[PDB]
Every structure is written in structure tokens, then in C-alpha cells.
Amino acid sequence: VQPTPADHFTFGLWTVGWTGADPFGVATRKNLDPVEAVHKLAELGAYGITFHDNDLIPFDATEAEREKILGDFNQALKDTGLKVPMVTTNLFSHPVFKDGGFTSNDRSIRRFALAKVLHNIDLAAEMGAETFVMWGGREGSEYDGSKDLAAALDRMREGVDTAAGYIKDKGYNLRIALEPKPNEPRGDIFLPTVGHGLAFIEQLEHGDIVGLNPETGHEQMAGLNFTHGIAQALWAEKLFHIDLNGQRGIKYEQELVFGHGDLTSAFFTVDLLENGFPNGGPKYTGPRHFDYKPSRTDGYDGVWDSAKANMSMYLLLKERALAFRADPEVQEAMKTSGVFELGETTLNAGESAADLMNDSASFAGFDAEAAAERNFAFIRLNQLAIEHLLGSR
């Protein structure tokens, strides 16, 4: 399997650009030149690149520095043909953000964080980005009494709605995508999971242009099922973007290569992305963005290898997912388990609650005993799924 930009694979400048500094150690790799990264990724078959405002332009950059960086970067893009489908703001690294940006207890910091975002929205617009991601890594708490939970959600809404209103006023072809995370760095991050993110969006005045940007590792740190999460986001029509990576359990965020964490889950995630829902429905058209980090034990060759690995893993899983669903045995297995039967409405055409209630066959004279004897055969269906993933059947 050889990737092409058609596949729409994208990488964050910070993924391959990660030098290795972690909680208990220093960087293990030298810095990666943004122009070099753009050229290497292009060479690898990537479709686009993403970045935080500060991945490209340093926090303390002067106008001449900002100008030369952007200049070089834009020339690199024009040469390679790489796209910039998504941009995001860094509201977590600088010490000023120690208590968050949008929900920092300090008001001047909140104003600064929002202004930083508004400016980044202009850059994204110039970059031609289609999605503006927001990952509130610092919005949370270690202690329960450090925040007025209601106020926090208000300040969060204020920032997001202000940003969204700005996009609307400027007429930018942009959409904001929130990225939930349970914990880390924060002990408890606000809007910890996909569901909390979706619900929050319903309280926004400009919710029409705000969606989600779920992450495999993020939902898994909460012990939840990622495929199920994105499925609900797709169902709600809020799956604006997606971050793919690997996580091996409820622990610190590993951000491994996609498919290097929960393999079977990864297989089913791609199945959903590529095949959509069995009884029909919407499909995700956005970019297949990888948000991982090359393990600090490896050198630059390993870095480029991990970039390839992400795309290979996806392409391999994809083949198996398509063959999986194409298998006639899988089709009959699906029928037997009632997969398509679930697609049938419970109530009959034009039937009301009262009608159902007074339908003896459905309740009073219903044989729940015989009904309970149905063999759903869910285990066999799963065995066929796994065999396809292994490349047996």
C-alpha cells in the first residue's frame, strides 16, 4: 500500500516536530525545520500539514522574523503543493496559560487568550484552512474548589461564540472544532469527552459552525469506545475533523502511531470512516489527520518511518475493512444478528403509542420466553471480523 494525496492524509507540524521532551526528561532529537518538514511530508505522500500558531511563529517573534518564516513556509507550500486544511492556537505552553486561556480565573489572561485566537483566525483564513481546532488543554482543575463550574462554562462559551461570531462577520470559510480530552495536563479538563463537547455546542449561539475533532487516545483515556463516540458525532452531524493516533490503555497520553494502540478498535474506526453505516446514513469526508509523536527512543529516520507507518496502517486497515463488508458470509452473518433489522422502525407506519399499547401481540399476548431464545450470533460475527483483519478469510 502506497499513499497519495488523494487519501487526504495530514500531519501536524508538532507531530514529526516533537523533539522528545517529556515529563521526566529532555529532548532527544534536534529541531525540525518547518520547510524541511513540508518537503519530507510531501515526499512521503501526505496531502496537507497543520500547526499551532507557535509551531510556525514563535511567541516572542519580531515582525522581521515573522515575515521571513511565513515567507519561507509559503514558498515551501507552493513548491510541494501541500495544503493547510487546519490551523489551531497554542493556549497551553506559555506560563501565562498555567490556569487555562478561556477559563483562566484571571480576567486579563482570558482577554489575552481570546485576542490570540482572533488573530490566529486571520492567519488560518490566509492559510486557506477549512477547520479551526480548539483543544483546551489547560482549561480545568486539580482541585474541585478552584473553579465555579457554571462560570467556567460561561467563559468557555463566551470565547467560542466570540470567535465564531468573528468568523461570521469576516465571512471566513471556517468552522470551529472542539477537541475534548479527559485529563492531562490538567487533572480534570472541562468538556472531557465527545458527549460533553456535543452537549456544550447546543448551548452556543453560533453552534451552527462549531463541531468536534475527536481523538482516538483522548476517548480511550476515559475508557470509552472511540468508534461509538465518532458514531454519535456523525449521527449529530458534528464530525468536522478527526485526530488519529494510538493509545494503549487508561494512562498518560502516549499518542502512538495509529493502529499501534487498540488494533481491533482501529479496524472498526476505519470501517466506519470508509464504509459508513450498514443501513445507510452520513459519512465523514474530512481529512485523515494523524496527531501522534515519534517515540523519543528513535532518531530522525524513525520519525519519518512513523509518518509512513500511520498512512500504511490506515491503508492496510482500509483494505481489510472493505473486504470485510464485501464478504458474502459477513453479509449473511450481519443478517442473522439483526444488524439490518435494527434499521427498522419499532413503531409501524402511522402507529401511535396508544395503538402499540393496546396491541396484544406486542405486549399482553407477547411470548417473551420464545423471543428470548433467539441466537443473535454476535460472537461468530466478531470472529469473521477479526479473521478479515488478520487476513485469513
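Residues carry their position along the shown sequence, with the first being 1.
Novice: Pick between 66-74 and 42-50: the one whose mean CA B-factor in the entry is higher.
Specialist: Going by the record's values, the stretch with the higher mean is 66-74.
Novice: When the Cα temperature factors in the entry are averaged, is it 22-30 or 336-344 that ends up higher?
Specialist: Looking at the recorded C-alpha B-factors, 22-30 comes out higher on average.
Novice: Which of these, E255, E274, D122, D301, has its C-alpha atom at the highest B-factor, as the entry lists it?
Specialist: It is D301.
Novice: Just to confirm, going by the entry's C-alpha B-factors, which of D106, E142, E202, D154 comes out highest?
Specialist: Comparing C-alpha B-factors across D106, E142, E202, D154, the maximum falls on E202.
Novice: Check where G246 lands among this chain's C-alpha B-factors and tell me if it's the lowest, middle or highest third.
Specialist: As the PDB entry reports it, the C-alpha B-factor of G246 lands in the lowest third of its chain.
Novice: Which third, lowest, middle or highest, does the CA B-factor of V330 fall in along this chain?
Specialist: Within its chain, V330 is a middle-third residue by C-alpha B-factor, going by the deposited values.
Novice: Using the temperature factors of the C-alpha atoms in this entry, rank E184 within its chain: lowest, middle or highest third.
Specialist: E184: CA B-factor falls in the highest third of its chain.
Novice: According to the PDB entry, is the CA B factor of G223 in the bottom, middle or top third of its chain, that is, lowest, middle or highest?
Specialist: For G223, whose C-alpha B-factor we compare with every modelled residue in the chain, the answer is the lowest third.
Novice: Which third of the chain holds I230 when residues are ordered by C-alpha B factor: lowest, middle or highest?
Specialist: Lowest third of the chain for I230's C-alpha B-factor.
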